[PDB]
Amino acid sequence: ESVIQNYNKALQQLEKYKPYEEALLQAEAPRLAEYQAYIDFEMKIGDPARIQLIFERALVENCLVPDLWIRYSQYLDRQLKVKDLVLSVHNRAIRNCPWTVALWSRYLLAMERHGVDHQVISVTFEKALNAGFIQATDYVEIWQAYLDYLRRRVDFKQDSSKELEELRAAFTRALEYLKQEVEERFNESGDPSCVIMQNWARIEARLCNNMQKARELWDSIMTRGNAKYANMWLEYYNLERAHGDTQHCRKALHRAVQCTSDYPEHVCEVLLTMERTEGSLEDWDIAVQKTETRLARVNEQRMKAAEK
């Protein structure tokens, strides 16, 4: 190669990064902000060798900044995609900032993208469970990441796969785990809106054609104090509308109008609309009677507030 041009073009690069090199030097002890500016700049040029370098340089003085591990580890996963490299960086992020679940959840997805053995993915998740997290929400997030992983291992085409039982076993295990360990340490349930149960219900009703299990799960979701939410009933209604019958929609909606506390008017319009498009004239009239009754009491209570 003709050096001097390699020497000259290398000098142009040196001049180009030079303002950044000086700002980094004049700045504070972690100069993290200055590192971010440098990282942003290096990402615009898009040279893989320099991006790793700059990241690595920043992680030397800021190894405890989870947002920095995420950007770095996510970058490898979006651009480079080298197994040995991406997995090494995820593993390094967890050990420096174990308290953040994203580092763990992103680790498990990345292990999945790169066809890591089920046994090795599984043992990592178990470590995540013993990791120390700060919010109850954090524990549902890790479980959800693992459950999705188990779901993607299932061939739903088949009526009875083992992987499906592994998924179902994990689900049972996850809800009991959320109820006892997370509630115990935090003294609040970690899943107020039962999003795990919701996911299980959706899977069990759409993918495994199991509507009875879906219903018991939704009943349990409503039992946990979710019956007062309009949108919550609508989630159940929408699940039944797709894989259940019309008969079950009507009773649910009849139940929904009665229990809803935030936006009862919303569920009433939705009930009336169904009867209009699918119900008999008698089915419609009953709907109008029940909606009138519920709505009369609600406006009455609004009136009570005012009187009282």
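Don't overthink the numbering: it's just position in the shown sequence, from 1.
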message: Mean CA temperature factor from the deposited coordinates, higher in 153 to 161 or in 215 to 223?
response: 153 to 161
- request: Quick one: say whether 189 to 197 or 118 to 126 has the higher mean Cα B-factor in the deposited entry.
  value: 189 to 197
query: Out of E278, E56, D40, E28, which residue has the highest Cα temperature factor in the PDB record?
result: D40
- prompt: Which of these has the highest Cα B-factor in the record: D148, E184, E204, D138?
  reply: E184
message: Which third, lowest, middle or highest, does the C-alpha temperature factor of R250 belong to within its own chain?
response: middle
- prompt: Once the chain's modelled residues are ordered by C-alpha B factor and cut into thirds, is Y229 in the lowest, middle or highest one?
  reply: highest
- request: Please rank the C-alpha B-factors of the chain's modelled residues and tell me whether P48 sits in the lowest, middle or highest third.
  value: middle
statement: Of the three thirds of the chain ranked by Cα temperature factor, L68 occupies the lowest
statement: For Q144, the third of its chain by CA B-factor is the lowest
